[PDB]
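**Student:** I'd like to ask some things about the structure below.
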Amino acid sequence: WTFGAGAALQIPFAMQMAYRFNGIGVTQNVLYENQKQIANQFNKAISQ
Amino acid sequence: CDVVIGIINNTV
């Protein structure tokens, strides 16, 4: 998230979107327990 | 403990 103001942090982006779950204000529980779920939901969004 | 990579035991 240090990007823009900053150079970089090299984060593998499930972690980044975990912190994106929290500035949208939801849990982390959905994430890994919906690993492929959310991933391929997004992938269907990609094809859409 | 389902989609766990976290190794951490000994937890307090």
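Chain order of the listed sequences is A and B. Taking the UniProt record's numbering, I'd label the letters of the first sequence as residues 868 to 915. Taking the UniProt record's numbering, I'd label the letters of the second sequence as residues 1108 to 1119. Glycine is no exception: its CB is placed at the ideal position from the N, C-alpha and C atoms.
Which one or two residues does DSSP pair with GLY871 (chain A) in a beta bridge?
**Tutor:** Residue mapping note: residue 871 (chain A) aligns to position 4 of the first sequence, counting from 1. Looking at the DSSP assignment, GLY871 (chain A) forms a beta bridge with A:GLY873.
**Student:** Could you tell me the distance, in whole angstroms, from the CA atom of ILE1114 (chain B) to the CA atom of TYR899 (chain A)?
**Tutor:** Here the question's residue 1114 (chain B) lines up with position 7 in the second sequence. Here the question's residue 899 (chain A) lines up with position 32 in the first sequence. If you take the alpha carbons of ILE1114 (chain B) and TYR899 (chain A), they lie about 15 Å apart.
**Student:** Excluding the five sequence neighbours on either side, which residues of its own chain have a C-beta within less than 8 Å of the C-beta of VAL897 (chain A), listed in chain order?
**Tutor:** Translated into positions along the first sequence, residue 897 (chain A) becomes position 30. If we look at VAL897 (chain A) and ignore the five residues flanking it on each side, its Cβ neighbours are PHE888, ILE905.
**Student:** Is the separation between the beta-carbon of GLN902 (chain A) and that of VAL1110 (chain B) shorter than 7 Å?
**Tutor:** The residue labelled residue 902 (chain A) in the question sits at position 35 within the first sequence. The residue labelled residue 1110 (chain B) in the question sits at position 3 within the second sequence. Yes; because the gap between Cβ atoms is below 7 Å, this pair is in contact.
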